[PDB]
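Enquirer: Experimental structure below, sequence on top.
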Amino acid sequence: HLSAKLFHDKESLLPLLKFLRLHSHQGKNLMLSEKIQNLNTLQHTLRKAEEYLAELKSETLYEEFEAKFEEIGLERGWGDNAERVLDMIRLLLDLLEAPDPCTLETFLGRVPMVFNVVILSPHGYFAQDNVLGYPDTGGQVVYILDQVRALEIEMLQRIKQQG
Amino acid sequence: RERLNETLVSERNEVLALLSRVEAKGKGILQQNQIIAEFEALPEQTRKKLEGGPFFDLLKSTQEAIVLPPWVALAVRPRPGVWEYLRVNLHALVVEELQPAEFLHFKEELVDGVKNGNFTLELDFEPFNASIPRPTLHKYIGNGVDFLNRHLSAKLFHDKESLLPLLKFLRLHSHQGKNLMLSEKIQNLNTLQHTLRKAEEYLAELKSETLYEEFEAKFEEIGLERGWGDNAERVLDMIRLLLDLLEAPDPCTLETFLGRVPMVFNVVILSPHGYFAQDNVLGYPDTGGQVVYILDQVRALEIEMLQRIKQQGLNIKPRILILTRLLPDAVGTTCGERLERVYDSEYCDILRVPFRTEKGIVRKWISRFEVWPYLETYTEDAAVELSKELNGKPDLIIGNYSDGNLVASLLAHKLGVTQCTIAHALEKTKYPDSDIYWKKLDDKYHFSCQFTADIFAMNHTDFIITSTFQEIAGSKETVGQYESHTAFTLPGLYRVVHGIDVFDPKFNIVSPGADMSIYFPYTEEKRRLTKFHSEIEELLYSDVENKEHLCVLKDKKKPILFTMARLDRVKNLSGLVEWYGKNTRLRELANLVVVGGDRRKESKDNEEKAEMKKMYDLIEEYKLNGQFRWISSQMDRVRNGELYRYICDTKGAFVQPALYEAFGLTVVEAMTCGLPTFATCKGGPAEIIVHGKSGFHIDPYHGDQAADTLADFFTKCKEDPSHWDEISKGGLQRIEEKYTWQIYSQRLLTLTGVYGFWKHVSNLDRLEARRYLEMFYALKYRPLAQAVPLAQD
Amino acid sequence: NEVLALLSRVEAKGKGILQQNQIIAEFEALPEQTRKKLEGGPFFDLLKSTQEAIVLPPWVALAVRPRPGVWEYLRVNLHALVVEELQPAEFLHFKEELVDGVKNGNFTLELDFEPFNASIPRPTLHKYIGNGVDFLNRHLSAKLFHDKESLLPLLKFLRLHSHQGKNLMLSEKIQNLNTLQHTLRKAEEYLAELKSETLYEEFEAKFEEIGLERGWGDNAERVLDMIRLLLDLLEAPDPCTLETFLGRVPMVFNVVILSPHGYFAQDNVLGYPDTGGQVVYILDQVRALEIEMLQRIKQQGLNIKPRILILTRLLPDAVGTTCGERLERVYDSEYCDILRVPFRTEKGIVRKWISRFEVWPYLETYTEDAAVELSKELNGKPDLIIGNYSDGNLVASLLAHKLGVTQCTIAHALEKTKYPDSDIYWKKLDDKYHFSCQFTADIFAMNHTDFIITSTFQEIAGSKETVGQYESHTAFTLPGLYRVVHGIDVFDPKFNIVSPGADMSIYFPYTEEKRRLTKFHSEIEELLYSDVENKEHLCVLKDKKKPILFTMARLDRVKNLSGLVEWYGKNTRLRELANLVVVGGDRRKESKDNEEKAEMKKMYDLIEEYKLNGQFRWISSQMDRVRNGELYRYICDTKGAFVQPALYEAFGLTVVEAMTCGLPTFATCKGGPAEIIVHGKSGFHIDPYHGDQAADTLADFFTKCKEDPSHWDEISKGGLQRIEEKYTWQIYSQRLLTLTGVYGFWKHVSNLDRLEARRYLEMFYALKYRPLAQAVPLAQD
Ligand SMILES: O=c1ccn([C@@H]2O[C@H](COP(=O)(O)OP(=O)(O)O)[C@@H](O)[C@H]2O)c(=O)[nH]1
Ligand SMILES: O=c1ccn([C@@H]2O[C@H](COP(=O)(O)OP(=O)(O)O)[C@@H](O)[C@H]2O)c(=O)[nH]1
Ligand SMILES: O=c1ccn([C@@H]2O[C@H](COP(=O)(O)OP(=O)(O)O)[C@@H](O)[C@H]2O)c(=O)[nH]1
Ligand SMILES: OC[C@H]1O[C@](O)(CO)[C@@H](O)[C@@H]1O
Ligand SMILES: OC[C@H]1O[C@](O)(CO)[C@@H](O)[C@@H]1O
Ligand SMILES: OC[C@H]1O[C@](O)(CO)[C@@H](O)[C@@H]1O
Ligand SMILES: [K+]
Ligand SMILES: [K+]
Ligand SMILES: [K+]
């Protein structure tokens, strides 16, 4: 539905640009800066970034091209190296051009977002010991402790891959 | 207008950078593109140039600088497919913004002395394009099907009226009175949604390998005819893909489903000009890579069609016709027989139809530039014959080259059939400034007809196939072949404002190949044909001078510098022979063997004739006897294959010195055998070859540098024979990756489906462009075509 | 009735290979058969509705016209029945074989304009035919309603709008709908508290500040109304509001009118070949138009001075006329001028008058020269361009395109309807009439123009029983040349019927005595009743007291004056009752026109053959309208009548003039006069195809009038009233300027769709017209 609604529609695309521009964590800018006010500059800047990156060695760290990227309006979180930053910029350029569902997901899922997470489990005796089997204490408690551990490994990773 | 700014920089680099603007205006009244607009004042300047700053863009992107009034008309190309043209004054401060149809107006004032008429024709196809939006993104150039898919995938998503066409499409679909896919039972999406639902449960239960014959009974009941699959497993997938499009269309699915619907049964391929034959032809005027491409293409195609028909659960038998001219008088050939079976195919047949006038058929061969008056009556006739040969109507028409695309359009329109074009070359890029200088070239080359027909076909066709990206958008530095038709002018005739857009979703790149049984690595000894080594050794090292071969090779042991091609001005064989003759170091390292032209018979082609006079003269001038062997056309590919490998034994190289080459199958063949290849950087081979890895590039405009580059190569190879083996393996790998026949057919068939379905939805949007084209042909081409003198028997 | 139809279809095939028209396509078949008809049944009415049938030996093709604008084409095997529906193009093949023995080249041109018109949906109702601006308003109204993307064009249109460097409407300070919206109510607040009469000068200060430039009105009352109009349009657009607003915006300042063919002058011309109601219409028109143009410009608080140029051909050797001078002021106008420019070639200026059918080779250069000349004359470029007739519409198109101006066209006649079967038989007629050229330009300008003005509904959709003038261009064919599948549509919103009138200074009732111009009576009595025979008049009237049957018109084939004379000549009874006075041809000179010459010889022989002396007075062309007004009134004094025996008449200005004067009128039923007159009420209709019947009818009018004198007055007053309603110049001028506003704007909104049409038309002009036109032989001095 989003892939189809996004295909060559201005009033549609803005939301995605507003998103990346507003995106920040703990007082740091991510993705696009305030330098990019419209799809034209964004389109132009991405293309501009792509020409540059397609030149560099794949394993080149973001810190190298950081200065330049800051110039043209690109904040951190596209990836930790040239290769990664490249696929990502190429991904968004594509959403602007010919959106497909697989692209759309891949990009949105890649954008660093989830950092802080709040999980709700009020009832029961919720603990890591001396509990399981008490009234209301059971599969929910187990699931949640496994979930967070699994969740934390994935986040540290996504965070590190996005530089 | 970014390129009118960095040039505004005459405020900084001025007293230097207005010099190059001098040494140009100092040549005068002409066009110099690139190498001349560049190898001019910049290289021929002094170190007070020092223009290596921000200026080096606008000159590096020009493509032309046309000397002019106290004015310079120039062009600039920021990115493939994006246009800026400049006009500035030398000493007058005349620099002016230039917006298209205005810039052309300045090209006309540079010939006629004034621009074209007033109400003289402007050709703009842009407004007829508005149906789909254009990709602005480089990746989609030559990828259009991928773009059209996503446009359809979206347009299809939860739109009632929008899915109807797909139902109607699958509902009407039939072949020779057999109904396929959906029967007439299913009148609406709800019934189809449901009927498909019912079908799925049933099939999910059956074993994967259950034949369609079992459940055929059930299906006919619910409205499902044949063409879904041969067994249950297949029918299942297919049914699932259709359910999917009805719910959440995604591009990948839409393509796959349209890909599989059994569609292409009878193919009709247009190739009127030349001597089209499978033996005793190649090397003749107008007879060349296009004939090889088509013969290889059809064989490949026939196979894919067979296994697509089998998989889809159908026994229908395909037929592929190759339409071409019947030349009753070409003797020593089969060109005089109406029907001929293609080698190694069950269903591919050559179908020959004669040209004719009200005075009866025309027997004599005719140059490809002169066939124009004949083509419309050819179409009518061909229609009649292929109606005879074909069972039902054509499911695809492929046009080839210029005359071929002209006709295939008329048929496609007449019969209402999906159409594809393949240019195989576009003369405007091959014969420079033939657009603007057209009027003087006309009585020889008749370019007013050819261009007209090329423009007509590009826009008439459903999709276009190119063999490379370069054939469309060129490169960063240089303009592409099709691209160069976006805006041009034929002063006194008409002015093409927007003729084509490289971003058009109809461009698809499908790269051909070299037949693998004919051309393979010289290293596989089991495969080598030694039966030929006597003929070949006579061919090369024989003592005799005759119509088959000229001069002689004193030293039998040198590496051979080899080339083979039709003989005409553009192939530039006379060029290479000269470069070699002037460079003593190359002559010592290698023998030069050029195969081209047929000297066994008197030549009837103007260029062929002119080329021979130059060859003849050079041989004497450069005293080539003993280092040079000029061999006549080799019409048998099997032995040609072994010839290439033989050249490998001598550890030679292959050189292709064309002023322009559209694709260069010889390049592909040479590498497929493993022969390290040096080829012209102008046109297709720029893309085929990767410099210093899979081969080397040379510039036909600097020949002396080419001859030396080669001398270098042989020198290194003498010091380090492993250097040869490295380039050899590089070529072998490049071919194995990019150029092969296996995927070609699949791509091509898939395309026919996607574009076939598409042309139903877009039916109404195109209706205007259709009348615009009808008129262009009738009121533009026809008058021009009847203008051309008829051949006289 | 399976055994029945086979019969009529048999009787049809009996006449063999041919086509026949709807009169015959029935009037022979149905009636000429035995009582075997017994068909009042539903099959019948395919026949009754058939406009023509084309019969080729196995086949009969049918063109059916159920309602104006609605066509069905069928084929029928003359034996075996088997009715099969055919597409227009295929019905056209039928005609083509009928002439060439074969259809047009498989690859020969089909003109189809339908796919280019689709921007607006088409009205299907009879009422919107001729009423297109009404339709287009409702469309723009809806389109505009709470759509920002749709409202922007309105803001930009107004923001860019200017004349000759003076900004108008909105300044550049208004960049968007909020600012416009906010500013407009700011202004409205302010004006509400001013006295209505406050002049725009007082608050002009404020406005400039907030982005409001001049042209909203003269006083505060009027700037307020317009502003409120715009507020509404941004808020809740309705059709009426939209139209009032657009018709109000000052636009038309300079107007250019194209009328190249003929001798265009204010005196010493009328009745000369190719010179007639078009010169009359245009002159009346520019007058009325300048009046309104001035009030509008004044009412909007603008001080600009308008200009109207009538572009026509400079004829150096026309003598006794003003056709040799380059600029001529129009009588009773401060701002209207005739601007003459010569035809010319590589050899230089062409001196001799050339027939309308021959001007084609010259028209493109004319355009360029015309352009250069009106650039010197006009202050700023043209705000409106009106093409007239074919040469006129053609040039109007090219100039409009060249200059980027809103174009209107007026046909004044369409030859295809004047010269039956001149489309299908075009080849044998071409050497003489060059219809391949004309039809081509007719089609070109018809489509290329921004809108169209007709003088009747008949001009578009004709009547219920018969085909209209533009209607007959919907689908037709020129064998061996090209085929028009859909060339025009009677429902195209571009059509507007704006009826013209007669100058009411010149034409009034014969019963207003103080007004009659008596000083002309000596001249008229000599003109009519004198015993002298010369190049001014032939024969003589023996009995002075009889009533006069009066006609006046250009002299040529179609006007059918030679017919009228023969009718009269054959009919003794009419001859006893009334004297026939015909005015046509200028015999003072040698006739340079083919038809005029031919018609003259016919006249002479009719005189001798029917012994017309004593009942018949043949007067040369009366070139002065003022005395003409009184001449009409004189006929009334005698209780006579005006008759107009044309085979076809596009509009009939003389028919309007006669009526305006009180003179009972009998006019042809073929073309415009069929709408103008109401049989038995405002006048009568006669059939030029049945002449003797026409005469008998006239005899009858006079007899009735003889016995009862008040019958003459019923009709006299009947027409007087009719003209008072449908035909006057008062609303014309205002309607026209309104359309220029609506269509002026609509062309900004629709501009992107007219692009495809632009290129189509360009290529049609270039690749089809030009080559045809050049083929026309040039004149020689
Ligand atoms: O005495 C107990 C009772 C339960 N469990 C654990 O609690 C979970 C029970 O979850 P389940 O989803 O099976 O049932 P639920 O408690 O969610 O209703 C399982 O991991 C058990 O191993 C346990 O460890 N000790
Ligand atoms: O004497 C000759 C000359 C030409 N060729 C063949 O002609 C084709 C030429 O194709 P290419 O694209 O290289 O040049 P083209 O003629 O198509 O412009 C190649 O397959 C060659 O092997 C040949 O077999 N013998
Ligand atoms: O000898 C003549 C004949 C014509 N008229 C005028 O020319 C016009 C004829 O216009 P109409 O539309 O009736 O005929 P048209 O010439 O346009 O076909 C009328 O105003 C007549 O009064 C005239 O003044 N003298
Ligand atoms: O309903 C099952 C119960 O067990 C839990 O999993 C807790 O361990 C909760 O979901 C709920 O209290
Ligand atoms: O223009 C090059 C020529 O060579 C061919 O390959 C011959 O088969 C054709 O493409 C064309 O006629
Ligand atoms: O055929 C009709 C003729 O009548 C006129 O109105 C006379 O001026 C012109 O439009 C045309 O020449
Ligand atoms: K951000
Ligand atoms: K079917
Ligand atoms: K303004």
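Expert: Looks like it came in fine. Numbers count the residues shown, from 1 in each chain, chains lettered A, B, ... in the order given. Ligands and ions are numbered 1, 2, ... in the order given.
Enquirer: Residue A:159 versus the spatially most central residue of chain A, what's the distance?
Expert: Compute the mean C-alpha point of chain A, and by CA atoms, centre = their mean the closest residue is residue A:111, 1.0 Å away. Residue A:111 is 12 Å from residue A:159, where distance means CB to CB, to the nearest Å. (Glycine included, C-beta is placed from N, CA and C.)
Enquirer: what does residue A:6 give?
Expert: Separation of residue A:6 from residue A:159 (CB to CB): 27 Å.
Enquirer: Give me the more crowded residue out of those two.
Expert: Higher neighbour count among residue A:6 and residue A:159: residue A:6, with 20 against 15, using other CB atoms under 10 Å in any protein chain shown.
Enquirer: Name the residues of stretch A:55-71 that come out as buried.
Expert: A:62, A:65, A:69 (16 or more other CB atoms under 10 Å in any protein chain shown).
Enquirer: Could you list the residues in contact with stretch A:92-104?
Expert: Residues external to stretch A:92-104 that are found in contact with it (CB atoms under 8 Å, 6 or more residues apart in numbering or on different chains): A:2-4, A:6-7, A:13, A:16, A:39, A:42-43, A:46-47, A:50, A:91, A:107, B:135-137, B:139-140, B:146-147, B:150-151, B:153-154, B:248, B:250-252.
Enquirer: what's the answer for stretch A:50-61, then?
Expert: Taking CB under 8 Å, 6+ apart as the rule, stretch A:50-61 contacts A:64-65, A:68, A:80-83, A:85-86, A:89-90, A:93.
Enquirer: Buried among these? Make that a PyMOL selection.
Expert: Here is the PyMOL selection string for the buried members of the contacts of stretch A:50-61, based on 16+ other CB under 10 Å:
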select buried, chain A and resi 65+80+81+82+85+86+89+90+93
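Enquirer: what's the farthest-apart pair in the contacts of stretch A:50-61?
Expert: A:64 and A:93 (21.4 Å; CB to CB).
Enquirer: Residue of chain A closest to ligand 5, please.
Expert: Residue nearest to ligand 5 within chain A (CB to the nearest ligand atom): residue A:98, separated by 32.9 Å.
Enquirer: From ligand 3, how far off is that residue?
Expert: 61 Å (CB to the nearest ligand atom, to the nearest Å).
Enquirer: Could you do residue A:83 as well?
Expert: Taken as CB to the nearest ligand atom, the span from residue A:83 to ligand 3 is 82 Å.
Enquirer: Could you do residue A:124 as well?
Expert: Remark: distance between residue A:124 and ligand 3 (CB to the nearest ligand atom) = 101 Å.
Enquirer: cool, residue A:34 as well?
Expert: Taking CB to the nearest ligand atom as the measure, residue A:34 falls 71 Å from ligand 3.
Enquirer: That residue - how many residues pack around it?
Expert: Residues near residue A:34, counting by other CB under 10 Å, number 10.
Enquirer: Then the one 10 residues further on?
Expert: When neighbours are counted by other CB under 10 Å, residue A:44 registers 15.
Enquirer: same question, residue A:32
Expert: Neighbours of residue A:32 using other CB under 10 Å come to 25.
Enquirer: Does it touch residue A:72 like I think?
Expert: No. Judged on CB atoms under 8 Å, residue A:32 makes no contact with residue A:72 at a distance of 10.1 Å.
Enquirer: Quick one: residues contacting the residue nearest to the centre of chain A.
Expert: By CB under 8 Å, 6+ apart, the residues touching residue A:111 are A:20, A:23, A:31, A:77, A:162.
Enquirer: With adjacent residues omitted, what lies nearest to the third one?
Expert: Across the structure, with CB to CB, 6 or more residues apart in numbering or on different chains as the measure, the residue nearest residue A:31 apart from its sequence neighbours is residue A:20 (3.9 Å).
Enquirer: Residue numbers of chain A in contact with ligand 4?
Expert: By CB under 6 Å from any ligand atom, the residues of chain A that approach ligand 4 are A:124, A:136-141.
Enquirer: Now distance to ligand 9 too, for those residues, in TSV please.
Expert: Formatted as TSV, the residues of chain A next to ligand 4 follow (distance: CB to the ion, whole Å):
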residue	distance to ligand 9
A:124	73
A:136	75
A:137	77
A:138	76
A:139	73
A:140	70
A:141	73
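Enquirer: quick one, longest helix in chain A?
Expert: Criterion DSSP state H: the longest helix present in chain A is helix A:139-161.
Enquirer: Quick one: name the residues of chain A near ligand 8.
Expert: Counting by CB under 5 Å from the ion, no residue of chain A lies close to ligand 8.
Enquirer: Quick check: the residue of chain A nearest ligand 6.
Expert: Closest point on chain A to ligand 6, by CB to the nearest ligand atom, is residue A:8, at 50.7 Å.
Enquirer: What values do phi and psi take at residue A:32?
Expert: Note on residue A:32: backbone dihedrals following degrees, to the nearest 10 are phi -90, psi 140.
Enquirer: mind listing the strands for chain A?
Expert: Assigned by DSSP state E, chain A shows strands spanning A:24-25, A:28-29.
Enquirer: what does the last one rub up against?
Expert: Identification of contacts with strand A:28-29 by CB under 8 Å, 6+ apart yields A:23, A:75-76.
Enquirer: The residue lying closest to residue A:106 once chain neighbours are set aside: neighbour count?
Expert: In this structure, residue A:106 finds its nearest non-sequential neighbour in residue A:91, 6.3 Å apart by CB to CB, 6+ apart. Residue A:91 has 18 neighbours, counted by other CB under 10 Å.
Enquirer: thought residue A:91 was touching residue A:110?
Expert: Yes. The pair residue A:91 and residue A:110 qualifies as a contact (CB under 8 Å) at a distance of 7.4 Å.
Enquirer: The residue in chain A positioned nearest to chain C: neighbour count?
Expert: Nearest to chain C, among the residues of chain A, is residue A:11, at 9.7 Å (CB to the nearest CB). Neighbour count of residue A:11, defined by other CB under 10 Å: 7.
Enquirer: does residue A:132 really touch residue A:141, like I thought?
Expert: Yes. Counting by CB under 8 Å, residue A:132 sits close enough to residue A:141 to count as a contact (6.8 Å).
Enquirer: Between those two, which is the more surrounded one?
Expert: residue A:141 (19 against 14).
Enquirer: what sits against the closest residue to that one other than its chain neighbours?
Expert: Leaving aside its chain neighbours, residue A:141 sits nearest to residue A:126 (5.6 Å; criterion: CB to CB, 6+ apart). By CB under 8 Å, 6+ apart, the residues touching residue A:126 are A:137, A:141, A:144.
Enquirer: Could you see whether ligand 7 lies near stretch A:103-118?
Expert: No. Among the residues of stretch A:103-118, none lie within reach of ligand 7 under CB under 5 Å from the ion; the closest is 10.1 Å away.
Enquirer: measure that stretch end to end?
Expert: End-to-end distance of stretch A:103-118 (CA to CA, to the nearest Å): 29 Å.
Enquirer: So which residues of chain A form helices?
Expert: Going by DSSP H, chain A shows helices at A:2-5, A:10-22, A:39-53, A:62-72, A:82-97, A:101-110, A:139-161.
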